[PDB]
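Below is one structure, written out as structure tokens; comments come after it.
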Amino acid sequence: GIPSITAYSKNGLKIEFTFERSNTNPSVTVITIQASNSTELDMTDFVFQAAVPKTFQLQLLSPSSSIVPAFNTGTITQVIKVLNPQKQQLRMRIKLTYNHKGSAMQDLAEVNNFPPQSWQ
């Protein structure tokens, strides 16, 4: 199967990606993200956004919640579907925003570690 990865891990927020290829469409890969929080305080109003190259199409489904609970007591699950009509090297930039420790947090990051099976 397609290997799962940690797409992002910083400031106590961890985002894992698991992948599933469409059986009907060689160009569709379903990514399930799981956001977890290893700190002592909740991360609230959490929003995950992503962008892919122009030849690709991206669909984001609703996240399970907007709170990444403290102490790793649960996760936020969200499904993204990537259409890769030309079977090109998968690339993605993600933007994270949330409130934590009294601050408005934001980060923008490239996902650098997609496995070949996620697009080939």
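Labels for the structure tokens follow display order: chains A, B, ..., residues from 1 in each chain, ligands from 1.
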TODO: Would you mind writing down, as a VMD selection string, each residue of chain A that DSSP on the backbone assigns to strand (DSSP E or B)?
DONE: chain A and resid 5 to 10 13 to 21 28 to 37 43 to 51 57 to 60 68 76 to 83 93 to 100 103 to 110
Residues of the last selection are to be written out with C-alpha atoms, as a tab-separated table (two decimals), in the first residue's frame.
```
chain	number	residue	atom	x	y	z
A	5	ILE	CA	3.88	10.13	6.45
A	6	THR	CA	4.14	12.89	9.01
A	7	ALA	CA	3.60	15.90	6.77
A	8	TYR	CA	4.16	18.42	9.55
A	9	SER	CA	5.31	18.34	13.16
A	10	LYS	CA	6.03	21.65	14.91
A	13	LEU	CA	0.94	20.12	16.35
A	14	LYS	CA	1.38	16.94	14.34
A	15	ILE	CA	-0.26	16.32	10.94
A	16	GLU	CA	-0.10	12.79	9.54
A	17	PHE	CA	-1.25	11.92	5.99
A	18	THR	CA	-2.54	8.45	5.06
A	19	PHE	CA	-3.26	7.71	1.39
A	20	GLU	CA	-5.72	5.66	-0.69
A	21	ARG	CA	-5.65	5.36	-4.48
A	28	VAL	CA	-7.32	10.32	-7.81
A	29	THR	CA	-5.56	9.91	-4.49
A	30	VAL	CA	-7.54	10.31	-1.28
A	31	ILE	CA	-5.56	11.78	1.60
A	32	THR	CA	-6.83	11.52	5.15
A	33	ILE	CA	-5.17	13.96	7.48
A	34	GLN	CA	-5.03	13.49	11.22
A	35	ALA	CA	-4.09	16.48	13.37
A	36	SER	CA	-3.00	15.88	16.93
A	37	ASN	CA	-1.76	18.05	19.76
A	43	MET	CA	-5.48	24.39	19.70
A	44	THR	CA	-8.73	26.08	18.75
A	45	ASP	CA	-10.33	27.47	15.58
A	46	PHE	CA	-8.04	25.14	13.69
A	47	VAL	CA	-8.07	25.47	9.92
A	48	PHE	CA	-6.10	23.41	7.42
A	49	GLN	CA	-5.77	24.72	3.86
A	50	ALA	CA	-3.75	23.41	0.95
A	51	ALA	CA	-2.71	24.24	-2.59
A	57	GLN	CA	-7.16	19.72	-8.78
A	58	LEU	CA	-7.78	19.72	-5.02
A	59	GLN	CA	-10.97	19.06	-3.05
A	60	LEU	CA	-11.12	19.59	0.72
A	68	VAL	CA	-7.09	19.80	18.27
A	76	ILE	CA	-9.03	16.32	13.91
A	77	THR	CA	-9.67	14.20	10.84
A	78	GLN	CA	-10.07	15.78	7.39
A	79	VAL	CA	-10.21	14.28	3.90
A	80	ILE	CA	-8.58	15.89	0.86
A	81	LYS	CA	-8.81	14.51	-2.62
A	82	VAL	CA	-6.10	15.15	-5.13
A	83	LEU	CA	-6.72	14.80	-8.84
A	93	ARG	CA	1.83	23.63	0.22
A	94	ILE	CA	-0.21	23.75	3.38
A	95	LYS	CA	-1.38	26.67	5.50
A	96	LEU	CA	-2.29	26.15	9.13
A	97	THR	CA	-4.04	28.64	11.37
A	98	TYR	CA	-5.27	28.16	14.91
A	99	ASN	CA	-5.26	29.76	18.35
A	100	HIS	CA	-2.91	28.40	21.00
A	103	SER	CA	-1.65	33.58	20.26
A	104	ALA	CA	-2.98	33.47	16.73
A	105	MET	CA	-0.70	30.86	15.20
A	106	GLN	CA	-0.03	30.55	11.44
A	107	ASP	CA	2.36	28.49	9.38
A	108	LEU	CA	2.89	27.93	5.68
A	109	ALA	CA	4.88	24.88	4.67
A	110	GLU	CA	5.68	22.69	1.72
```
TODO: Tell me which protein, DNA and RNA residues are within 8 Å of residue 55 of chain A, counting only C-alpha atoms, leaving out same-chain ones fewer than 2 positions away, and put them as a ChimeraX atom specification.
DONE: /A:53,57,84-86
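DSSP, applied to the backbone of this structure, assigns helix (DSSP H, G or I) to the following residues of chain A: residues 70, 71, 72, 116, 117 and 118 of chain A.
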TODO: Could you tell me how far atom CA of residue 112 of chain A lies from atom CA of residue 52 of chain A, in Å and to one decimal?
DONE: 12.7 Å
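Minimum atom-to-atom distances from A:113, A:11, A:4, A:88 to residue 41 of chain A were compared using only C-alpha atoms, and the lowest value belongs to A:11.
The spacing separating atom CA of residue 75 of chain A from atom CA of residue 3 of chain A amounts to 19.9 Å.
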Task: Pick from A:61, A:2, A:72, A:67 nearest to residue 119 of chain A, counting only C-alpha atoms - done: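 Ranked by minimum distance to residue 119 of chain A, first place goes to A:2.
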Open item on the list: Ranking A:74, A:115, A:63, A:26 by minimum distance to residue 1 of chain A and counting only C-alpha atoms, which one comes first?
Closed with: A:115
